[PDB]
file my_file.csv (CSV, N, CA, C and O atoms)
chain,number,residue,atom,x,y,z
A,1,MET,N,95.2,61.5,-40.6
A,1,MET,CA,95.7,60.7,-41.7
A,1,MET,C,97.0,60.0,-41.3
A,1,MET,O,98.1,60.1,-41.9
A,2,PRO,N,97.0,59.3,-40.2
A,2,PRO,CA,98.1,58.6,-39.6
A,2,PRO,C,98.6,57.5,-40.5
A,2,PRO,O,97.9,56.9,-41.2
A,3,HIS,N,99.9,57.3,-40.6
A,3,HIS,CA,100.5,56.3,-41.5
A,3,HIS,C,100.9,55.0,-40.7
A,3,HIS,O,101.5,55.1,-39.6
A,4,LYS,N,100.5,53.9,-41.1
A,4,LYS,CA,100.8,52.6,-40.4
A,4,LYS,C,100.3,52.7,-39.0
A,4,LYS,O,99.3,52.2,-38.7
A,5,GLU,N,101.0,53.3,-38.1
A,5,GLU,CA,100.6,53.5,-36.7
A,5,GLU,C,100.4,52.1,-36.0
A,5,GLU,O,101.3,51.7,-35.2
A,6,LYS,N,99.4,51.3,-36.4
A,6,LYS,CA,99.3,49.9,-35.9
A,6,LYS,C,99.2,50.0,-34.4
A,6,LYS,O,100.2,50.2,-33.7
A,7,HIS,N,98.1,49.7,-33.8
A,7,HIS,CA,97.9,49.7,-32.3
A,7,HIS,C,98.7,48.5,-31.7
A,7,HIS,O,99.4,48.7,-30.7
A,8,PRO,N,98.6,47.4,-32.3
A,8,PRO,CA,99.3,46.1,-31.8
A,8,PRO,C,100.9,46.3,-31.8
A,8,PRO,O,101.5,46.7,-32.8
A,9,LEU,N,101.5,46.1,-30.7
A,9,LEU,CA,103.0,46.3,-30.6
A,9,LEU,C,103.7,45.2,-31.5
A,9,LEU,O,104.6,45.5,-32.2
A,10,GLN,N,103.2,44.0,-31.5
A,10,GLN,CA,103.8,43.0,-32.3
A,10,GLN,C,103.8,43.4,-33.8
A,10,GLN,O,104.9,43.4,-34.4
A,11,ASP,N,102.7,43.8,-34.3
A,11,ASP,CA,102.7,44.2,-35.7
A,11,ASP,C,103.5,45.5,-35.9
A,11,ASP,O,104.2,45.7,-36.9
A,12,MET,N,103.4,46.4,-35.0
A,12,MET,CA,104.2,47.7,-35.1
A,12,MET,C,105.7,47.4,-35.1
A,12,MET,O,106.4,47.9,-35.9
A,13,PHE,N,106.2,46.7,-34.2
A,13,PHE,CA,107.6,46.4,-34.2
A,13,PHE,C,108.0,45.5,-35.4
A,13,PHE,O,109.0,45.7,-36.0
A,14,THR,N,107.2,44.6,-35.7
A,14,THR,CA,107.5,43.7,-36.9
A,14,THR,C,107.6,44.6,-38.2
A,14,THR,O,108.6,44.4,-38.9
A,15,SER,N,106.7,45.5,-38.4
A,15,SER,CA,106.8,46.4,-39.6
A,15,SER,C,108.1,47.2,-39.6
A,15,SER,O,108.8,47.4,-40.6
A,16,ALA,N,108.4,47.8,-38.4
A,16,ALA,CA,109.7,48.6,-38.3
A,16,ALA,C,110.9,47.8,-38.5
A,16,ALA,O,111.8,48.1,-39.2
A,17,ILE,N,111.0,46.6,-37.9
A,17,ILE,CA,112.2,45.7,-38.1
A,17,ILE,C,112.3,45.3,-39.5
A,17,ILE,O,113.4,45.3,-40.1
A,18,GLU,N,111.3,44.9,-40.2
A,18,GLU,CA,111.3,44.4,-41.6
A,18,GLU,C,111.7,45.6,-42.5
A,18,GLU,O,112.4,45.5,-43.5
A,19,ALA,N,111.2,46.8,-42.1
A,19,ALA,CA,111.5,48.0,-43.0
A,19,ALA,C,113.0,48.3,-43.0
A,19,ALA,O,113.6,48.6,-44.0
A,20,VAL,N,113.7,48.1,-41.9
A,20,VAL,CA,115.2,48.4,-41.8
A,20,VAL,C,116.0,47.1,-41.8
A,20,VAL,O,117.2,47.1,-41.6
A,21,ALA,N,115.3,46.0,-42.0
A,21,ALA,CA,116.0,44.7,-41.9
A,21,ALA,C,117.0,44.6,-43.1
A,21,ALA,O,117.8,43.7,-43.2
A,22,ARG,N,117.0,45.6,-44.0
A,22,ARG,CA,117.9,45.6,-45.2
A,22,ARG,C,119.3,45.9,-44.7
A,22,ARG,O,120.3,45.6,-45.4
A,23,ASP,N,119.4,46.5,-43.5
A,23,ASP,CA,120.8,46.8,-43.0
A,23,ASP,C,121.6,45.5,-42.9
A,23,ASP,O,122.7,45.4,-43.4
A,24,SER,N,121.0,44.6,-42.2
A,24,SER,CA,121.8,43.3,-42.0
A,24,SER,C,120.9,42.3,-41.2
A,24,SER,O,121.1,42.1,-40.0
A,25,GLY,N,119.9,41.7,-41.8
A,25,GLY,CA,119.0,40.8,-41.1
A,25,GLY,C,118.4,41.5,-39.9
A,25,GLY,O,117.4,42.1,-39.9
A,26,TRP,N,119.1,41.4,-38.7
A,26,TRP,CA,118.5,42.0,-37.5
A,26,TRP,C,118.3,43.5,-37.8
A,26,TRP,O,118.4,44.0,-38.9
A,27,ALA,N,117.9,44.3,-36.7
A,27,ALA,CA,117.6,45.7,-36.9
A,27,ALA,C,118.2,46.5,-35.7
A,27,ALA,O,118.0,46.1,-34.6
A,28,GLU,N,118.9,47.6,-35.9
A,28,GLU,CA,119.4,48.4,-34.8
A,28,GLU,C,118.3,49.0,-34.0
A,28,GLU,O,117.4,49.6,-34.6
A,29,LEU,N,118.3,49.0,-32.7
A,29,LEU,CA,117.2,49.6,-31.9
A,29,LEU,C,117.1,51.1,-32.3
A,29,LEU,O,116.0,51.6,-32.4
A,30,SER,N,118.2,51.8,-32.4
A,30,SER,CA,118.1,53.2,-32.8
A,30,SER,C,117.3,53.4,-34.1
A,30,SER,O,116.5,54.2,-34.2
A,31,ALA,N,117.6,52.5,-35.1
A,31,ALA,CA,116.9,52.6,-36.4
A,31,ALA,C,115.4,52.4,-36.1
A,31,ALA,O,114.6,53.1,-36.8
A,32,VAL,N,115.0,51.5,-35.3
A,32,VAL,CA,113.6,51.2,-35.0
A,32,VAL,C,112.9,52.5,-34.4
A,32,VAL,O,111.9,52.9,-34.9
A,33,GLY,N,113.6,53.1,-33.5
A,33,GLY,CA,113.0,54.3,-32.9
A,33,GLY,C,112.8,55.4,-33.9
A,33,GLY,O,111.8,56.0,-34.0
A,34,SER,N,113.8,55.7,-34.7
A,34,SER,CA,113.7,56.7,-35.7
A,34,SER,C,112.7,56.3,-36.7
A,34,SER,O,111.9,57.2,-37.2
A,35,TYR,N,112.7,55.1,-37.1
A,35,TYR,CA,111.7,54.6,-38.1
A,35,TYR,C,110.2,54.9,-37.6
A,35,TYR,O,109.4,55.4,-38.3
A,36,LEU,N,110.0,54.4,-36.4
A,36,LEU,CA,108.7,54.6,-35.8
A,36,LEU,C,108.4,56.1,-35.6
A,36,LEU,O,107.3,56.6,-35.8
A,37,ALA,N,109.4,56.9,-35.3
A,37,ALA,CA,109.1,58.3,-35.1
A,37,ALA,C,108.6,58.9,-36.4
A,37,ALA,O,107.7,59.7,-36.5
A,38,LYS,N,109.3,58.6,-37.5
A,38,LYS,CA,108.9,59.2,-38.8
A,38,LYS,C,107.6,58.5,-39.3
A,38,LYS,O,106.6,59.1,-39.7
A,39,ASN,N,107.6,57.2,-39.3
A,39,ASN,CA,106.4,56.4,-39.8
A,39,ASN,C,105.2,56.7,-38.8
A,39,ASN,O,104.1,56.9,-39.2
A,40,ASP,N,105.5,56.7,-37.5
A,40,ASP,CA,104.4,57.0,-36.5
A,40,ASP,C,104.8,58.2,-35.7
A,40,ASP,O,105.4,58.0,-34.6
A,41,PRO,N,104.5,59.4,-36.1
A,41,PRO,CA,104.8,60.6,-35.3
A,41,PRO,C,104.2,60.6,-33.9
A,41,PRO,O,104.8,61.1,-33.0
A,42,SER,N,103.2,59.8,-33.7
A,42,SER,CA,102.5,59.7,-32.4
A,42,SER,C,103.5,58.9,-31.4
A,42,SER,O,103.3,58.9,-30.2
A,43,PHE,N,104.5,58.3,-32.0
A,43,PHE,CA,105.4,57.5,-31.1
A,43,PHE,C,106.3,58.5,-30.4
A,43,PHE,O,107.0,59.3,-31.0
A,44,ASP,N,106.3,58.4,-29.1
A,44,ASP,CA,107.2,59.3,-28.2
A,44,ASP,C,108.2,58.5,-27.4
A,44,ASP,O,107.8,58.1,-26.3
A,45,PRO,N,109.3,58.2,-27.9
A,45,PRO,CA,110.3,57.4,-27.1
A,45,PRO,C,110.8,58.1,-25.8
A,45,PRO,O,111.3,57.5,-24.9
A,46,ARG,N,110.6,59.4,-25.8
A,46,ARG,CA,110.9,60.2,-24.6
A,46,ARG,C,110.1,59.7,-23.4
A,46,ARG,O,110.6,59.7,-22.3
A,47,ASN,N,108.9,59.4,-23.6
A,47,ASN,CA,108.0,59.0,-22.5
A,47,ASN,C,108.6,57.7,-21.9
A,47,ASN,O,108.6,57.4,-20.8
A,48,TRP,N,109.1,56.8,-22.8
A,48,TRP,CA,109.7,55.5,-22.3
A,48,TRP,C,111.2,55.8,-21.9
A,48,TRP,O,111.9,54.9,-21.6
A,49,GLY,N,111.6,57.0,-21.8
A,49,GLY,CA,112.9,57.4,-21.3
A,49,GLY,C,113.9,56.9,-22.4
A,49,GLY,O,113.7,56.0,-23.2
A,50,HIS,N,115.1,57.6,-22.5
A,50,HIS,CA,116.1,57.2,-23.5
A,50,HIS,C,116.9,56.0,-23.1
A,50,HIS,O,117.1,55.8,-21.9
A,51,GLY,N,117.3,55.2,-24.0
A,51,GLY,CA,118.1,54.0,-23.6
A,51,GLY,C,117.2,53.0,-22.9
A,51,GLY,O,117.3,51.8,-23.1
A,52,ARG,N,116.3,53.4,-22.1
A,52,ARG,CA,115.4,52.4,-21.4
A,52,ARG,C,114.5,51.8,-22.4
A,52,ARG,O,113.7,50.9,-22.1
A,53,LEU,N,114.6,52.2,-23.6
A,53,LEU,CA,113.7,51.6,-24.7
A,53,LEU,C,114.1,50.1,-24.8
A,53,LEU,O,113.3,49.2,-25.0
A,54,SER,N,115.4,49.8,-24.8
A,54,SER,CA,115.8,48.4,-24.9
A,54,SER,C,115.2,47.6,-23.7
A,54,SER,O,114.8,46.5,-23.9
A,55,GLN,N,115.2,48.1,-22.6
A,55,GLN,CA,114.6,47.4,-21.4
A,55,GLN,C,113.1,47.3,-21.6
A,55,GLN,O,112.5,46.3,-21.1
A,56,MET,N,112.5,48.2,-22.2
A,56,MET,CA,111.0,48.1,-22.4
A,56,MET,C,110.7,46.9,-23.2
A,56,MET,O,109.8,46.1,-22.9
A,57,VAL,N,111.3,46.7,-24.3
A,57,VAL,CA,111.0,45.5,-25.2
A,57,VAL,C,111.4,44.2,-24.4
A,57,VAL,O,110.9,43.1,-24.7
A,58,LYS,N,112.4,44.3,-23.5
A,58,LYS,CA,112.8,43.1,-22.8
A,58,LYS,C,111.7,42.5,-22.0
A,58,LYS,O,111.7,41.4,-21.7
A,59,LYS,N,110.8,43.4,-21.6
A,59,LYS,CA,109.6,42.9,-20.8
A,59,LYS,C,108.6,42.1,-21.7
A,59,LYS,O,107.6,41.6,-21.2
A,60,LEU,N,108.9,42.1,-23.0
A,60,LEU,CA,107.9,41.5,-23.9
A,60,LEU,C,108.5,40.1,-24.3
A,60,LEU,O,109.6,40.0,-25.0
A,61,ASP,N,107.9,39.0,-23.9
A,61,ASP,CA,108.5,37.7,-24.2
A,61,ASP,C,108.4,37.4,-25.7
A,61,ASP,O,109.3,36.7,-26.2
A,62,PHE,N,107.4,37.8,-26.3
A,62,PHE,CA,107.3,37.4,-27.8
A,62,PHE,C,108.3,38.2,-28.6
A,62,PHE,O,108.1,38.4,-29.8
A,63,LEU,N,109.3,38.8,-28.0
A,63,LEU,CA,110.4,39.5,-28.7
A,63,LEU,C,111.7,39.1,-28.2
A,63,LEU,O,112.0,39.2,-27.0
A,64,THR,N,112.6,38.7,-29.1
A,64,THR,CA,114.0,38.3,-28.6
A,64,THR,C,114.9,39.6,-28.6
A,64,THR,O,114.9,40.3,-29.6
A,65,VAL,N,115.6,39.8,-27.6
A,65,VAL,CA,116.5,41.0,-27.5
A,65,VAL,C,118.0,40.5,-27.4
A,65,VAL,O,118.3,39.7,-26.6
A,66,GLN,N,118.8,41.1,-28.2
A,66,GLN,CA,120.3,40.7,-28.2
A,66,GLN,C,121.1,42.0,-28.4
A,66,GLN,O,120.6,43.0,-29.0
A,67,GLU,N,122.3,42.0,-27.9
A,67,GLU,CA,123.2,43.2,-28.1
A,67,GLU,C,124.3,42.9,-29.1
A,67,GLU,O,125.1,42.0,-28.9
A,68,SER,N,124.3,43.7,-30.2
A,68,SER,CA,125.4,43.4,-31.2
A,68,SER,C,126.6,44.2,-30.8
A,68,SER,O,126.6,45.2,-30.1
A,69,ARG,N,127.8,43.8,-31.3
A,69,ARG,CA,129.1,44.5,-31.0
A,69,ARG,C,129.3,45.5,-32.1
A,69,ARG,O,130.1,45.3,-33.0
A,70,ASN,N,128.7,46.7,-32.0
A,70,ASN,CA,129.0,47.8,-33.0
A,70,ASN,C,130.1,48.7,-32.5
A,70,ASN,O,129.9,49.5,-31.6
A,71,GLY,N,131.2,48.6,-33.1
A,71,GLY,CA,132.4,49.5,-32.7
A,71,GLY,C,132.6,49.3,-31.2
A,71,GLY,O,132.6,48.2,-30.6
A,72,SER,N,133.0,50.3,-30.5
A,72,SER,CA,133.2,50.3,-29.0
A,72,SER,C,131.9,50.4,-28.2
A,72,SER,O,131.9,50.2,-27.0
A,73,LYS,N,130.8,50.7,-28.9
A,73,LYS,CA,129.5,50.8,-28.2
A,73,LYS,C,128.7,49.6,-28.5
A,73,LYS,O,128.6,49.1,-29.6
A,74,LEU,N,127.9,49.1,-27.5
A,74,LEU,CA,127.0,48.0,-27.7
A,74,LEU,C,125.6,48.5,-28.1
A,74,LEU,O,125.0,49.3,-27.5
A,75,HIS,N,125.2,48.0,-29.3
A,75,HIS,CA,123.8,48.5,-29.8
A,75,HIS,C,122.8,47.4,-29.5
A,75,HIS,O,123.0,46.2,-29.7
A,76,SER,N,121.6,47.8,-29.0
A,76,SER,CA,120.6,46.8,-28.7
A,76,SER,C,119.9,46.4,-30.0
A,76,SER,O,119.7,47.2,-30.9
A,77,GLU,N,119.4,45.2,-30.1
A,77,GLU,CA,118.7,44.7,-31.4
A,77,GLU,C,117.4,44.0,-30.9
A,77,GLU,O,117.4,43.4,-29.8
A,78,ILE,N,116.4,43.9,-31.8
A,78,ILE,CA,115.2,43.1,-31.5
A,78,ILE,C,114.8,42.3,-32.7
A,78,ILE,O,115.1,42.6,-33.8
A,79,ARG,N,114.1,41.2,-32.4
A,79,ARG,CA,113.6,40.3,-33.6
A,79,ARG,C,112.2,39.8,-33.2
A,79,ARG,O,111.9,39.6,-32.1
A,80,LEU,N,111.4,39.6,-34.2
A,80,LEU,CA,110.0,39.0,-33.9
A,80,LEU,C,110.1,37.5,-33.8
A,80,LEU,O,110.5,36.8,-34.8
A,81,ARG,N,109.7,37.0,-32.7
A,81,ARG,CA,109.8,35.5,-32.5
A,81,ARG,C,109.0,34.8,-33.7
A,81,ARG,O,107.9,35.1,-34.0
A,82,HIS,N,109.7,33.8,-34.2
A,82,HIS,CA,109.0,33.0,-35.3
A,82,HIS,C,107.8,32.2,-34.8
A,82,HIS,O,106.8,32.1,-35.4
A,83,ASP,N,107.9,31.7,-33.6
A,83,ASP,CA,106.8,30.9,-33.0
A,83,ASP,C,105.6,31.8,-32.8
A,83,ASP,O,105.8,33.0,-32.4
A,84,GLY,N,104.4,31.3,-32.9
A,84,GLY,CA,103.2,32.1,-32.7
A,84,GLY,C,103.0,32.3,-31.2
A,84,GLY,O,103.9,32.1,-30.4
A,85,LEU,N,101.8,32.7,-30.8
A,85,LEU,CA,101.6,32.9,-29.3
A,85,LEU,C,101.5,31.6,-28.6
A,85,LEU,O,100.9,30.6,-29.2
A,86,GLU,N,102.0,31.4,-27.4
A,86,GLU,CA,101.9,30.1,-26.7
A,86,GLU,C,102.1,30.4,-25.2
A,86,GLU,O,103.2,30.8,-24.8
A,87,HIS,N,101.1,30.2,-24.4
A,87,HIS,CA,101.2,30.4,-22.9
A,87,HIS,C,100.2,29.5,-22.2
A,87,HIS,O,99.8,29.8,-21.1
A,88,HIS,N,99.7,28.5,-22.9
A,88,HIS,CA,98.7,27.6,-22.3
A,88,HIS,C,99.3,26.9,-21.1
A,88,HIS,O,98.7,26.7,-20.0
A,89,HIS,N,100.6,26.4,-21.2
A,89,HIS,CA,101.2,25.7,-20.1
A,89,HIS,C,100.4,24.5,-19.6
A,89,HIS,O,99.3,24.3,-20.1
A,90,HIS,N,100.8,23.8,-18.6
A,90,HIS,CA,100.0,22.7,-18.1
A,90,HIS,C,98.8,23.2,-17.4
A,90,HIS,O,97.7,22.6,-17.5
A,91,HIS,N,98.9,24.3,-16.7
A,91,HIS,CA,97.7,24.8,-16.0
A,91,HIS,C,96.5,25.1,-17.0
A,91,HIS,O,95.6,24.3,-17.1
A,92,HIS,N,96.6,26.1,-17.8
A,92,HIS,CA,95.5,26.4,-18.7
A,92,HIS,C,95.7,25.6,-20.0
A,92,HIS,O,95.2,26.0,-21.0

call {"tool": "encode", "arguments": {"input": "my_file.csv", "output": "structure tokens"}}
result
Amino acid sequence: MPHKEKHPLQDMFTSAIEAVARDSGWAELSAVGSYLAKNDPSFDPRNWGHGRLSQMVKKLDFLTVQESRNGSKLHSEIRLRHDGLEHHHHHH
């Protein structure tokens, strides 16, 4: 009886960001991990290493990554690109 789960990363991150987007437009990376942990217990951020979670989404082009200035610590943030998928380029 899994809740949400969503195999697609795009939809999975989109649902988590929109769920905590009430904080202030963007979403704190820490809030996303906790949200996915509760909403998706099968989510194990430990496997992706701690802190390295921000670098994990960085390898995803369809996701914009920015660091907000939260107090003396820098918090990572993610957003779902408004543009749809696009990689045809001149080649393909």

call {"tool": "closest_residue", "arguments": {"input": "my_file.csv", "among": "A:80, A:75, A:57, A:91", "to": "residue 29 of chain A", "atoms": "only N, CA, C and O atoms"}}
result
A:75

call {"tool": "select_by_dssp", "arguments": {"input": "my_file.csv", "residues": "chain A", "states": "strand (DSSP E)", "output": "PyMOL selection string"}}
result
chain A and resi 63-70+73-80

call {"tool": "atom_distance", "arguments": {"input": "my_file.csv", "atom1": "atom O of residue 30 of chain A", "atom2": "atom O of residue 82 of chain A"}}
result
24.2 Å

call {"tool": "closest_residue", "arguments": {"input": "my_file.csv", "among": "A:79, A:89, A:46, A:38", "to": "residue 60 of chain A", "atoms": "only C-alpha atoms"}}
result
A:79

call {"tool": "select_by_dssp", "arguments": {"input": "my_file.csv", "residues": "chain A", "states": "helix (DSSP H, G or I)", "output": "number ranges by chain"}}
result
A: 9-20, 29-39, 52-58

call {"tool": "write_last_selection", "arguments": {"input": "my_file.csv", "atoms": "N, CA, C and O atoms", "output": "compact mmCIF listing (two decimals), in the frame of the given file"}}
result
# COMPACT_ATOMS: atom_id res chain seq x y z
N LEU A 9 101.50 46.10 -30.70
CA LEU A 9 103.00 46.30 -30.60
C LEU A 9 103.70 45.20 -31.50
O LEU A 9 104.60 45.50 -32.20
N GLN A 10 103.20 44.00 -31.50
CA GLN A 10 103.80 43.00 -32.30
C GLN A 10 103.80 43.40 -33.80
O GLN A 10 104.90 43.40 -34.40
N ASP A 11 102.70 43.80 -34.30
CA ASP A 11 102.70 44.20 -35.70
C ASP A 11 103.50 45.50 -35.90
O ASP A 11 104.20 45.70 -36.90
N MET A 12 103.40 46.40 -35.00
CA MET A 12 104.20 47.70 -35.10
C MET A 12 105.70 47.40 -35.10
O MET A 12 106.40 47.90 -35.90
N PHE A 13 106.20 46.70 -34.20
CA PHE A 13 107.60 46.40 -34.20
C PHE A 13 108.00 45.50 -35.40
O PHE A 13 109.00 45.70 -36.00
N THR A 14 107.20 44.60 -35.70
CA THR A 14 107.50 43.70 -36.90
C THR A 14 107.60 44.60 -38.20
O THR A 14 108.60 44.40 -38.90
N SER A 15 106.70 45.50 -38.40
CA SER A 15 106.80 46.40 -39.60
C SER A 15 108.10 47.20 -39.60
O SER A 15 108.80 47.40 -40.60
N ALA A 16 108.40 47.80 -38.40
CA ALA A 16 109.70 48.60 -38.30
C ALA A 16 110.90 47.80 -38.50
O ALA A 16 111.80 48.10 -39.20
N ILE A 17 111.00 46.60 -37.90
CA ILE A 17 112.20 45.70 -38.10
C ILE A 17 112.30 45.30 -39.50
O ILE A 17 113.40 45.30 -40.10
N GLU A 18 111.30 44.90 -40.20
CA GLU A 18 111.30 44.40 -41.60
C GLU A 18 111.70 45.60 -42.50
O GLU A 18 112.40 45.50 -43.50
N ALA A 19 111.20 46.80 -42.10
CA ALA A 19 111.50 48.00 -43.00
C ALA A 19 113.00 48.30 -43.00
O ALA A 19 113.60 48.60 -44.00
N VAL A 20 113.70 48.10 -41.90
CA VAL A 20 115.20 48.40 -41.80
C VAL A 20 116.00 47.10 -41.80
O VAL A 20 117.20 47.10 -41.60
N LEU A 29 118.30 49.00 -32.70
CA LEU A 29 117.20 49.60 -31.90
C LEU A 29 117.10 51.10 -32.30
O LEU A 29 116.00 51.60 -32.40
N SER A 30 118.20 51.80 -32.40
CA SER A 30 118.10 53.20 -32.80
C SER A 30 117.30 53.40 -34.10
O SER A 30 116.50 54.20 -34.20
N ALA A 31 117.60 52.50 -35.10
CA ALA A 31 116.90 52.60 -36.40
C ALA A 31 115.40 52.40 -36.10
O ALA A 31 114.60 53.10 -36.80
N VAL A 32 115.00 51.50 -35.30
CA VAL A 32 113.60 51.20 -35.00
C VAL A 32 112.90 52.50 -34.40
O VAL A 32 111.90 52.90 -34.90
N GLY A 33 113.60 53.10 -33.50
CA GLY A 33 113.00 54.30 -32.90
C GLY A 33 112.80 55.40 -33.90
O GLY A 33 111.80 56.00 -34.00
N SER A 34 113.80 55.70 -34.70
CA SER A 34 113.70 56.70 -35.70
C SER A 34 112.70 56.30 -36.70
O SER A 34 111.90 57.20 -37.20
N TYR A 35 112.70 55.10 -37.10
CA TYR A 35 111.70 54.60 -38.10
C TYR A 35 110.20 54.90 -37.60
O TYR A 35 109.40 55.40 -38.30
N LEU A 36 110.00 54.40 -36.40
CA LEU A 36 108.70 54.60 -35.80
C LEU A 36 108.40 56.10 -35.60
O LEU A 36 107.30 56.60 -35.80
N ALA A 37 109.40 56.90 -35.30
CA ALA A 37 109.10 58.30 -35.10
C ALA A 37 108.60 58.90 -36.40
O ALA A 37 107.70 59.70 -36.50
N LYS A 38 109.30 58.60 -37.50
CA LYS A 38 108.90 59.20 -38.80
C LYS A 38 107.60 58.50 -39.30
O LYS A 38 106.60 59.10 -39.70
N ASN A 39 107.60 57.20 -39.30
CA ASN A 39 106.40 56.40 -39.80
C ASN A 39 105.20 56.70 -38.80
O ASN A 39 104.10 56.90 -39.20
N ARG A 52 116.30 53.40 -22.10
CA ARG A 52 115.40 52.40 -21.40
C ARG A 52 114.50 51.80 -22.40
O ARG A 52 113.70 50.90 -22.10
N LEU A 53 114.60 52.20 -23.60
CA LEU A 53 113.70 51.60 -24.70
C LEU A 53 114.10 50.10 -24.80
O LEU A 53 113.30 49.20 -25.00
N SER A 54 115.40 49.80 -24.80
CA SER A 54 115.80 48.40 -24.90
C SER A 54 115.20 47.60 -23.70
O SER A 54 114.80 46.50 -23.90
N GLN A 55 115.20 48.10 -22.60
CA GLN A 55 114.60 47.40 -21.40
C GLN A 55 113.10 47.30 -21.60
O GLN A 55 112.50 46.30 -21.10
N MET A 56 112.50 48.20 -22.20
CA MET A 56 111.00 48.10 -22.40
C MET A 56 110.70 46.90 -23.20
O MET A 56 109.80 46.10 -22.90
N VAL A 57 111.30 46.70 -24.30
CA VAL A 57 111.00 45.50 -25.20
C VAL A 57 111.40 44.20 -24.40
O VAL A 57 110.90 43.10 -24.70
N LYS A 58 112.40 44.30 -23.50
CA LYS A 58 112.80 43.10 -22.80
C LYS A 58 111.70 42.50 -22.00
O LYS A 58 111.70 41.40 -21.70

call {"tool": "atom_distance", "arguments": {"input": "my_file.csv", "atom1": "atom O of residue 58 of chain A", "atom2": "atom C of residue 73 of chain A"}}
result
20.1 Å

call {"tool": "atom_distance", "arguments": {"input": "my_file.csv", "atom1": "atom C of residue 4 of chain A", "atom2": "atom O of residue 40 of chain A"}}
result
8.6 Å

call {"tool": "residues_near_point", "arguments": {"input": "my_file.csv", "point": "(121.9, 41.7, -37.1)", "cutoff": "10 Å", "atoms": "only C-alpha atoms", "output": "number ranges by chain"}}
result
A: 21-28, 66-69, 76-79
